[PDB]
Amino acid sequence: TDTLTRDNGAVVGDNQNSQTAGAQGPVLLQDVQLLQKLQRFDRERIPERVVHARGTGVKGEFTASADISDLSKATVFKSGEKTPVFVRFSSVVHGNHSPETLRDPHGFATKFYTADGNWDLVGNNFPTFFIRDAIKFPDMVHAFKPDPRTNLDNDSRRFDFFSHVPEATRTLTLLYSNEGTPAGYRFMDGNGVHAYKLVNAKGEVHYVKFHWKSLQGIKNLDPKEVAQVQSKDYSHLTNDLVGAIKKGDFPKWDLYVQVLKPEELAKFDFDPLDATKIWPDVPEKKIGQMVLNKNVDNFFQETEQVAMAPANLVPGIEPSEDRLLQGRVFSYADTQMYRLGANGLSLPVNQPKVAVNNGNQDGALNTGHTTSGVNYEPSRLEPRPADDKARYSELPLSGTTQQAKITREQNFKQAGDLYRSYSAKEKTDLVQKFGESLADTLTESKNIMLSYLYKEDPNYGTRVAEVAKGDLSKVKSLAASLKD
């Protein structure tokens, strides 16, 4: 077999014994194989993601199947176009080897390696989120994560924060339902959550929501099943997916879009760009199908180093003015400059399948081969012209610069409708899980949280208020003042 070498290519003569000053003597500083193997070892780890640290990556392909040229000019949506993908599924709060049975929303991020560049659709199984403005994301994550004093879960903290956040009511209803503990990533849907802005070749815009429909169906664990699985397997989602792909049982999802024109936004009773809302009566249209059929070759180089970011957009796809999405356009590229580095987008899993041509340079571990003296634009010696067809869409403005919440909140209606859509057994599990989680919250926050659940549906609030030992008369009088 080929000889073991050091990183400079030199063969190693003994990989079992350190060089010592005699049989009973100390180790020498000059043993370069010892030093190099330990300095590499000592530097293998990089920071985990600040959220969604626990994840599983797989590869597959997406094939478009409809004519949506009237909605978007992006080549990924052209009927019959087959684009390779990289998908990273994940939980949200806990560290990287945390039990996959822990209750949480699950991430569903798809990197499309399109012919116009890489587009990332960074979604979750839940179609709505807990907040509507990215300025609260650091606050929200800090409240959800383990207590900073102990590294132990302490749910009284998320309910202190969330008692000030009535808009979280619908998504907390998902979290504490059995949708919070899936049986496999193959048995969950995916949603973009926000409305994205699709732009056609005439410069016209449509606001669109994306949904991945599982062709395997939806399968969740109930709290007693969660405990049985957790007893022997702390990686059941990863085992399920990797194992399925090894057996050739490739999971698939159909992609659907819901569409609104800019002039329809103001007609609704809720704000269509509020990330805490679904669009209940807008029809869905199928535009493609993705199949995930290949495992990764190396977890660290692919799954750990993949950089998913809503900022990775192609002409024809832009962010909407959803205020949650707006901060996401900054945050992922920013964190990835730190987690990976300035040259993170040049790693194999992050590279586009098209040419990159710009003046960005240098930075740590630059692996390029540059020969030109022109790293500026414009240049008449080595021009790099822009493409006028790729200019951003123009959105009309009015009012003033401002710091004010959106005007139509409707914080409790959709939560109530979701609660009522649940089977009797689903409601029972949601009520017992939410109540157990809320039981030792401070009394003031506890009765305020329970007022939101009661305003969503009196049966929901009454039952969680019994489990959590809240004060039902205070819950009802607080709920009476809440506005629809």
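Don't overthink the numbering: it's just position in the shown sequence, from 1.
- Stretches compared: 229-237, 163-171. Higher mean C-alpha B-factor in the entry: 229-237.
- Set 456-464 against 469-477 and average the Cα temperature factors; 469-477 ends up higher.
- Residue-level inspection of the entry shows that, of 69, 428, 437, 36, 69 has the top Cα B-factor.
- Highest CA B-factor among the listed residues (391, 194, 213, 149): 391.
- Among all modelled residues in this chain, the alpha-carbon of residue 304 has a temperature factor (C-alpha) in the lowest third.
- Remark: residue 347 belongs to the lowest third of its chain, ranked by C-alpha B-factor as recorded.
- Among all modelled residues in its chain, residue 207 ranks in the middle third by Cα B-factor.
- Sort the chain's modelled residues by C-alpha temperature factor and residue 24 lands in the highest third, per the entry.
- Among all modelled residues in its chain, residue 61 ranks in the middle third by Cα B-factor.
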